[PDB]
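For reference, the structure discussed in these notes is given below.
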Amino acid sequence: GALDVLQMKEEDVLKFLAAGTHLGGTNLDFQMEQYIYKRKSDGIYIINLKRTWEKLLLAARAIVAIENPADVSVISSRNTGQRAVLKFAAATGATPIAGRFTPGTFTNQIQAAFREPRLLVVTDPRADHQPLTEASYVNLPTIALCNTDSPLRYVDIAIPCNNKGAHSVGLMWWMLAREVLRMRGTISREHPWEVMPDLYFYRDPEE
RNA sequence: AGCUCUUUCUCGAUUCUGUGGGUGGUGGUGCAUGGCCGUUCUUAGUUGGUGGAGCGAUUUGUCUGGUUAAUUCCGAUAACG
Ligand SMILES: [Mg+2]
Ligand SMILES: [Mg+2]
Ligand SMILES: [Mg+2]
Ligand SMILES: [Mg+2]
Ligand SMILES: [Mg+2]
Ligand SMILES: [Mg+2]
Ligand SMILES: [Mg+2]
Ligand SMILES: [Mg+2]
Ligand SMILES: [Mg+2]
């Protein structure tokens with residue numbers, strides 16, 4: 001937003017640079033060109049943070065406008081985003097899908113997995129292409145976290161970030177939960193949040 | 001074989017004559033058919049409902065790979081059941 005209550009604070013830029021979310025890929029595509037600051041001395045692109053923040057608050061403003069919280073289905077297929085989507089759906093009452101997608105869940109009126117969402121959030125356009133291709137049949141908008149080499153086909157609100165590393169992905173889902181819960185009422189601003197981002201990170205099997 | 005011929009007793013309305021019409025047939029057609037059987041074919045093969053691809057005949061599901069006597073399973077997965 002244009003305001004000052006919605007502006008990025010110094011405590012969040014440290015969370016960003018600590019998770020590494022500013023660090024892009026090696027290849028750029030001509031649709032993500034407005035989100036890049038400059039290519040490093042070695043071949044890697046820096047993502048502009050102020051632009052990440054504005055696209056993240058636009059996604060939150062798109063999610064808050066849906067009345068029933070339970071038709072904002074969230075999807076992750078890679079192993080890094082499963083815990084994050086499960087915790088995001090818990091914190092704000094969406095319906096998560098981790099693992100395989102079982103094509104036809106959006107367009108098949110027999111299956112027991114058939115639902116009719118009203119939004120669609122997704123971790124990675126290039127790894128969860130089946131939900132996008134199916135959303136392209138039932139008038140279904142889409143929000144997506146994009147790496148610097150993400151194809152922006154059928155996505156409607158791309159959020160630029162490092163999409164590869166587990167810490168980055170969990171931090172982005174945590175911040176998306178923070179800002180929907182903030183502007184819906186609920187956990188009012190001028191307080192830190194009870195949950196720490198590490199509840200949202202990938203497990204990466206332990207000792 | 002009263003089959004027929006010579007001869008002339010016996011039976012009793014059941015027949016006989018003619019016209020229609022039936023009846024029977026190990027007669028014809030298995031290239032008019034039912035049913036049964038044999039064989040393709042002793043192997044692992046077949047099919048539709050909703051969804052996806054194609055203008056369409058069609059295709060996916062019914063599979064790269066491993067496994068099994070086996071489309072038997074494990075799995076992979078625009079398919080689900
Ligand atoms: Mg006859
Ligand atoms: Mg006969
Ligand atoms: Mg015959
Ligand atoms: Mg016959
Ligand atoms: Mg069809
Ligand atoms: Mg068609
Ligand atoms: Mg077939
Ligand atoms: Mg064998
Ligand atoms: Mg299986």
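In the structure tokens, chains take the letters A, B, ... in the order shown, each chain's residues start at 1, and ligands count up from 1 in the order shown.
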
Open item on the list: Could you list the protein, DNA and RNA residues that have any atom within 10 Å of ligand 4, counting only C-alpha atoms (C1' of nucleotides) and all ligand atoms, and write them as a PyMOL selection string?
Closed with: chain B and resi 30+33-37

Would you mind exporting N, CA, C and O atoms (P, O5', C5', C4', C3', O3' and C1' of nucleotides) of the selected residues as a PDB file, in the first residue's frame?
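Resulting contents of out_35.pdb:
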```pdb
ATOM      1  P     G B  30     -26.288 -76.096 -48.740  1.00  0.00           P
ATOM      2  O5'   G B  30     -26.656 -75.368 -47.378  1.00  0.00           O
ATOM      3  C5'   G B  30     -26.723 -76.089 -46.156  1.00  0.00           C
ATOM      4  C4'   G B  30     -26.342 -75.215 -44.990  1.00  0.00           C
ATOM      5  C3'   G B  30     -24.875 -75.270 -44.580  1.00  0.00           C
ATOM      6  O3'   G B  30     -24.524 -74.004 -44.025  1.00  0.00           O
ATOM      7  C1'   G B  30     -26.206 -75.937 -42.774  1.00  0.00           C
ATOM      8  P     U B  33     -28.507 -67.895 -42.930  1.00  0.00           P
ATOM      9  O5'   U B  33     -29.666 -68.118 -41.861  1.00  0.00           O
ATOM     10  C5'   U B  33     -29.400 -68.722 -40.606  1.00  0.00           C
ATOM     11  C4'   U B  33     -30.645 -68.808 -39.761  1.00  0.00           C
ATOM     12  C3'   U B  33     -30.471 -69.375 -38.364  1.00  0.00           C
ATOM     13  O3'   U B  33     -29.961 -68.439 -37.434  1.00  0.00           O
ATOM     14  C1'   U B  33     -32.332 -70.386 -39.387  1.00  0.00           C
ATOM     15  P     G B  34     -29.063 -68.943 -36.205  1.00  0.00           P
ATOM     16  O5'   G B  34     -30.106 -69.606 -35.203  1.00  0.00           O
ATOM     17  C5'   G B  34     -31.122 -68.831 -34.588  1.00  0.00           C
ATOM     18  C4'   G B  34     -31.994 -69.672 -33.690  1.00  0.00           C
ATOM     19  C3'   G B  34     -31.292 -70.393 -32.555  1.00  0.00           C
ATOM     20  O3'   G B  34     -31.063 -69.560 -31.436  1.00  0.00           O
ATOM     21  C1'   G B  34     -32.749 -71.885 -33.652  1.00  0.00           C
ATOM     22  P     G B  35     -29.694 -69.683 -30.609  1.00  0.00           P
ATOM     23  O5'   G B  35     -29.657 -71.199 -30.128  1.00  0.00           O
ATOM     24  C5'   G B  35     -30.522 -71.674 -29.106  1.00  0.00           C
ATOM     25  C4'   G B  35     -30.413 -73.171 -28.946  1.00  0.00           C
ATOM     26  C3'   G B  35     -29.030 -73.702 -28.609  1.00  0.00           C
ATOM     27  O3'   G B  35     -28.729 -73.622 -27.228  1.00  0.00           O
ATOM     28  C1'   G B  35     -29.931 -74.955 -30.388  1.00  0.00           C
ATOM     29  P     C B  36     -27.217 -73.386 -26.747  1.00  0.00           P
ATOM     30  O5'   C B  36     -26.446 -74.693 -27.233  1.00  0.00           O
ATOM     31  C5'   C B  36     -26.688 -75.954 -26.624  1.00  0.00           C
ATOM     32  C4'   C B  36     -26.050 -77.088 -27.388  1.00  0.00           C
ATOM     33  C3'   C B  36     -24.538 -77.066 -27.503  1.00  0.00           C
ATOM     34  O3'   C B  36     -23.874 -77.506 -26.333  1.00  0.00           O
ATOM     35  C1'   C B  36     -25.468 -77.564 -29.605  1.00  0.00           C
ATOM     36  P     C B  37     -22.434 -76.903 -25.963  1.00  0.00           P
ATOM     37  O5'   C B  37     -21.480 -77.423 -27.126  1.00  0.00           O
ATOM     38  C5'   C B  37     -21.142 -78.795 -27.230  1.00  0.00           C
ATOM     39  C4'   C B  37     -20.467 -79.115 -28.541  1.00  0.00           C
ATOM     40  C3'   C B  37     -19.106 -78.494 -28.783  1.00  0.00           C
ATOM     41  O3'   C B  37     -18.058 -79.148 -28.093  1.00  0.00           O
ATOM     42  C1'   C B  37     -20.416 -78.325 -30.742  1.00  0.00           C
TER      43        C B  37
END
```

TODO: Could you please select, counting only C-alpha atoms (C1' of nucleotides), the residues of chain A within 9 Å of chain B and state them as a ChimeraX atom specification?
DONE: /A:102-105,107-112

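Inspection of the environment of ligand 6, which uses only C-alpha atoms (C1' of nucleotides) and all ligand atoms and a cut-off of 10 Å, identifies the neighbouring residues as residues 52, 53, 54 and 55 of chain B.
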
Output the selection as a PDB file, in the first residue's frame - C-alpha atoms (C1' of nucleotides) for each residue.
```pdb
ATOM      1  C1'   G B  52      -8.133 -34.593 -21.089  1.00  0.00           C
ATOM      2  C1'   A B  53      -6.219 -34.447 -26.877  1.00  0.00           C
ATOM      3  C1'   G B  54      -7.997 -34.170 -32.092  1.00  0.00           C
ATOM      4  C1'   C B  55     -12.516 -30.807 -37.288  1.00  0.00           C
TER       5        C B  55
END
```

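The shortest atom-to-atom distance to residue 53 in chain A, with only C-alpha atoms taken into account, belongs to A:7 out of A:7, A:95, A:80, A:130.
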
Task: residue 13 in chain A environment, 12 Å, only C-alpha atoms (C1' of nucleotides), sequence neighbours closer than 2 positions dropped, as a PyMOL selection string - done: chain A and resi 7-11+15-22+48-50+52-53+171+175

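With only C-alpha atoms (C1' of nucleotides) as the basis for measurement, B:62 is the residue among B:62, B:8, B:72, B:15 that approaches residue 46 in chain B most closely.
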
Residue neighbourhood residue 172 in chain A, 12 Å, only C-alpha atoms (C1' of nucleotides), exclusion window fewer than 4 positions, as a JSON list (two decimals) with C-alpha atoms, in the first residue's frame:
```json
[["chain", "number", "residue", "atom", "x", "y", "z"],
["A", 12, "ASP", "CA", 11.35, -7.68, 8.14],
["A", 15, "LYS", "CA", 14.15, -11.70, 8.08],
["A", 16, "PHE", "CA", 14.41, -11.43, 4.26],
["A", 19, "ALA", "CA", 16.30, -16.40, 4.73],
["A", 20, "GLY", "CA", 18.12, -15.32, 1.50],
["A", 21, "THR", "CA", 14.85, -14.43, -0.32],
["A", 22, "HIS", "CA", 16.51, -11.68, -2.41],
["A", 52, "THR", "CA", 8.23, -8.36, -3.33],
["A", 53, "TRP", "CA", 6.45, -6.53, -0.47],
["A", 55, "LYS", "CA", 3.06, -7.98, -4.61],
["A", 56, "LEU", "CA", 2.71, -9.84, -1.26],
["A", 57, "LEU", "CA", 0.29, -7.20, 0.08],
["A", 59, "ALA", "CA", -1.99, -11.06, -2.76],
["A", 60, "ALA", "CA", -3.16, -10.55, 0.83],
["A", 81, "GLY", "CA", 6.43, -26.31, 0.55],
["A", 84, "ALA", "CA", 4.30, -24.39, 4.84],
["A", 85, "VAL", "CA", 0.97, -24.85, 3.07],
["A", 88, "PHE", "CA", -0.86, -21.67, 6.28],
["A", 122, "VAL", "CA", 0.74, -22.04, -5.34],
["A", 123, "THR", "CA", 4.40, -22.32, -4.47],
["A", 144, "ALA", "CA", 2.08, -17.76, -7.26],
["A", 145, "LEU", "CA", 5.57, -17.38, -5.74],
["A", 146, "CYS", "CA", 7.96, -16.84, -8.71],
["A", 159, "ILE", "CA", 5.17, -12.68, -5.89],
["A", 160, "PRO", "CA", 8.93, -12.47, -6.68],
["A", 161, "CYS", "CA", 11.22, -14.43, -4.33],
["A", 162, "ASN", "CA", 13.94, -17.05, -4.12],
["A", 163, "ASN", "CA", 11.72, -20.11, -4.65],
["A", 164, "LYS", "CA", 14.39, -22.83, -4.29],
["A", 165, "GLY", "CA", 15.72, -22.83, -0.70],
["A", 166, "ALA", "CA", 13.57, -24.13, 2.18],
["A", 167, "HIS", "CA", 14.04, -21.11, 4.48],
["A", 168, "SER", "CA", 12.88, -18.68, 1.78],
["A", 176, "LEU", "CA", 1.46, -14.18, 3.78],
["A", 177, "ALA", "CA", -0.34, -15.64, 6.86],
["A", 178, "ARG", "CA", 0.79, -12.69, 9.01],
["A", 179, "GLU", "CA", -0.61, -10.04, 6.60],
["A", 197, "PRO", "CA", 8.73, -18.70, 10.92],
["A", 198, "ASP", "CA", 10.55, -21.98, 11.78],
["A", 200, "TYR", "CA", 6.76, -23.23, 8.46],
["A", 201, "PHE", "CA", 10.26, -24.36, 7.28]]
```

- [ ] Find, counting only C-alpha atoms, the residue in A:125, A:205, A:1, A:117 that gets nearest to residue 147 in chain A.
- [x] A:125

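Going from CA of residue 134 in chain A over to CA of residue 169 in chain A, you cover 23.7 Å.
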
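Counting only C-alpha atoms (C1' of nucleotides) and all ligand atoms and comparing B:16, B:32, B:44, B:63, the residue that lies closest to ligand 7 is B:63.
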
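Among the residues of range 110-205 of chain A, backbone DSSP assigns strand (DSSP E) to residues 121, 122, 143, 144, 145, 146, 157, 158, 159 and 160 of chain A.
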
TODO: Write as a list in words the residues around ligand 2, taking 10 Å as the cut-off and counting only C-alpha atoms (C1' of nucleotides) and all ligand atoms.
DONE: residues 24, 25, 26 and 27 of chain B
